[PDB]
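Asks: Coordinates only, no sequence provided:
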């Protein structure tokens, strides 16, 4: 046991996982327009509780988090508890770890739950890219603070005397990294250039992802994971994801302008996930608690790992670093791993990641491990499509993968799933799931 | 084969051929006669198998594309004929390369300096990587030699004279973005796709459309060339004082090329290069270049160094901020300041902040870079956090017992393998060590305020100093962008030791009714930047007197200064810029003229009689003072090597580069002729001009200085 660490509780019970749920995702203007990020989580949590046999008193703590953040109600988990119908004695709590927020929420709940302080909790994430907080210029905030603190009337006019230029214009939000000024996609262009990913090598991944997802809806296999959102206008319900376009031919979107480079930009809009709105949640519960109240567990949890890398070149290699650590912690091997998953926030970067996990030199020098972590079969990789299809709500794409993977292993009747994700700031996360 | 023909050809599957450049000697890609021969064979072979898309050039080395033309072979020339022949053949070869009808592309990565741009300007299209290491530029005027091979007249045609002229005259470095904006390079790409991007740029056929210039460059030939040339000539005459050749020659050759055709420019450049490489300034500058390269490659001590990752500074203020800024912003080493007063820490931090904010206001650094660099500097007022510092630099007042106290407590409250560096300028290093637990790890790191300005530092060991300590200190000084020099532990060290007679004789002459303009012009005309009195004003009169009392105490009356001049200013505190109320008043109307001289300073000093003699007398007397002092100090093996002393003198004090340094100056002046000059000066003036015994010995016996110099 030089590397394996079990994830068991002090009593000897494993961390079971019970049902999860996912609001259907939408583009940033079609539906959910004007709907804040809090009430999406309210929807999913409230109707997740009102779907199983658990009384609301069992839940003892819920953790959400959101990347795009509204200044009002900083601790959105408390408003999730208060607004919906729940015991007001639940320890609401909020985290934030960029695109891997839901993974961190699940990890926090799991470790606190195996510490003994909790017996059941909720972990999830909500996100909305349609209620963007549009702040005013930085200069036109010190003026406001001073005039609030200004004492005499003549002082205020002398203060506004410095108000000039275009300080009135609002400041658009920035997706570029705070300390790097890189637009999170132009850090994928150079990755594609470095590892040699062709616009024809990709743009076939996007096609195979739009398929196996349109097919997934048509088969209805993902029926029990998706709500049927109802919108306060109540003009018509939303049942299916509208981002999915599983009808285009691969020769249709080969003719698109490059997005960032615009000169040698082997990545474009179609092969990159768009900003969406959604929410997701999962109910974590220890095995003993689930057993004693009569509930079948939807799989379990095996191990997890988080890693950071330098944000100056190819910061999007998080899964490559995280995966071997998670495997060694679970005492497993890539060979004995039925089905895997990847965030695929962009075409390439994911392909670069497979190339790297297949490369012996990378694991030889950049990790110090003797052997490469193995290659991934196409069939055992993103069986039900990926984020180049559904969409990418920053804080919600974590739990969605756990739910989908557990259900798919339920269909295959066994195996150990694996989920990985990369995040801005060079943060990567991975975890190994076991569906009994 | 592969070794000789560094220009290996390789035709890919398509109609494109790639040529690598791998000189098997060393990591710089230099130009030699063998390359000039072999490229003819390669291009003749390229003439075979016609009907191909084009050719490209690649560096095939990780660091640079082409460093520059080798200068070692240039030193083997004898007359103007050899240089003209070499220039003619280079011009012909570049013209031949430019004479191909197919697309020729230069894919440059890393450094491309000197004659490389020539070849780059020979090609029809150029592409450069975006790495901050790569750079474009012509650095041969600074070597006192025009880069005549064709680019001297191609560059003004490609890009307007408004920039090309200042590129040639002041050969500098160009960023990739700057070149792209200016029109020198067609496109910029990341290093990964460099070869490929060059390939499809070659595949596109014959861009028969010259990009338009600013349209203000149409002045050349008709009215407008004359005005611009006259103005830049007057500017250069006011700036360099006209003692630097290869400045008006450039203007003439550019004029001839522009207003008389390209053939006229070619022949004029050939003749000028032939006649100009033999001017004494040329080999003087080449000698300084060689010496600087050697000292940069010099390892100092012969022992392996020790790891260094953190550094401590005791004391603060303007100076401590200087060392902190140099060690953090340049070398990127964490630095911890330990001023006892929080005001000192605040002063040091403010100094560094002012420097970096001034840099950013130019828009040369990102605002995030300021934070990422200031993160390395942290102050305190206690001894916590000093337990893992490899180096400590001491920069508080020079009281002896105070320095023993400092060394005692740094021994008590720090590591065991750490070494202690003192920024002392007066007290002996051994005496500062005296009694200590580990005296073998005490060194003297003499700086020159302002620290970021003068690039010379002094390393002073003492009787017991482990070679590892010297090695570590030298490597640090190298990382800081300085020029380390090892100096024997003697009173007065080297630089200020020879600087003292300069200001001493300046004051002695000023006492004899001399005016500011005469003295200042006399000293700056002899290739000296910033003449004496404003040198003192810059460094501060309070530091101007320095610690010369110890100089007299060590070496008699030779260094004795006239009285009632240093005394007459310290009492009526006139510190120049330290108190502001120097004799160079500030805040004058307009603030666009020479610094005003006070009228009352002459009455304040004795100012006896009226001035005499002329500027040549002033120059010769001051210069021979420095020469006698320098030969005196090198006589007793103060400086380990002749070149070390010469480079220190020329590069820290500000000795005229075109004279090559004091030792070059005496070698050029030769022998006992200057000796007779200095006896006659002594007889007419006084006993201060007694020649050194080794000086008269060498002059009479006719020995040389630079090995087999003569």
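Replies: Good, I have the coordinates. Numbering: from 1, shown residues only, chains lettered A, B, ... in the order given.
Asks: Output the residue of chain A whose distance to chain B is smallest.
Replies: Using C-beta to the nearest C-beta, the single residue of chain A nearest to chain B is residue A:193, 4.5 Å away. All C-beta spots, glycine's among them, are computed from the backbone N, C-alpha and C.
Asks: OK, contacts around that residue?
Replies: Contact analysis of residue A:193 by C-beta atoms under 8 Å, 6 or more residues apart in numbering or on different chains lists A:264, A:266, B:190, B:192, B:193.
Asks: Can you classify it as helix, strand or coil?
Replies: Taken by DSSP: H, G, I helix; E, B strand; the rest coil, the conformation at residue A:193 corresponds to helix.
Asks: And the residue of chain A positioned farthest from its centre, which helix or strand is it part of?
Replies: The centre of chain A is farthest from one residue, residue A:154, which by C-alpha atoms, centre = their mean lies 52.0 Å away. Using DSSP states H and E, residue A:154 falls within helix A:153-160.
Asks: Run through who's touching that helix.
Replies: Applying C-beta under 8 Å, 6+ apart, the external contacts of helix A:153-160 come out as A:143, A:146, A:147, A:150.
Asks: and with 6 Å instead?
Replies: Helix A:153-160 is contacted from outside by A:146, A:147, A:150, using C-beta atoms under 6 Å, 6 or more residues apart in numbering or on different chains.
Asks: how far does it sit from the chain's center?
Replies: Here helix A:153-160 is found 48 Å from its chain centre; the criterion is C-alpha atoms, centre = their mean, to the nearest Å.
Asks: can you pull the buried residues of that helix?
Replies: Within helix A:153-160, the residues that count as buried by 16 or more other C-beta atoms under 10 Å in any protein chain shown are residue A:159.
Asks: give the contact list for the residue in chain B that chain A sits nearest to.
Replies: Nearest residue of chain B to chain A (C-beta to the nearest C-beta) works out as residue B:192 at 4.5 Å. Each residue near residue B:192 by C-beta under 6 Å, 6+ apart is listed here: A:193, A:194.
Asks: Shouldn't it be within a helix?
Replies: Yes - Residue B:192: assigned to a helix according to three-state DSSP.
Asks: Tell me where the stretch 601-710 of chain B has helices.
Replies: Counting by DSSP state H, counting those that start in this stretch, residue ranges of the helices within the stretch 601-710 of chain B are B:601-604, B:615-635, B:642-648, B:662-669, B:672-685, B:693-701.
Asks: which strands and helices sit next to the fourth one?
Replies: Contacting helix B:662-669 under the criterion 3 or more C-beta pairs under 6 Å, 6 or more residues apart in numbering or on different chains; DSSP states H and E is no other helix or strand.
Asks: Just the angle for that helix relative to helix B:615-635, thanks.
Replies: Relative orientation of helix B:662-669 versus helix B:615-635 (axes from the mean of the first three to the mean of the last three C-alpha atoms, to 10 degrees): 120 degrees.
Asks: And helix B:662-669, how far out from the chain middle?
Replies: Counting by C-alpha atoms, centre = their mean, helix B:662-669 is centred 20 Å from the centre of its parent chain.
Asks: Going by neighbour count, list what's buried in that helix.
Replies: Residues of helix B:662-669 classed as buried by neighbour count (16+ other C-beta under 10 Å): B:662, B:663, B:664, B:665, B:666, B:667, B:669.
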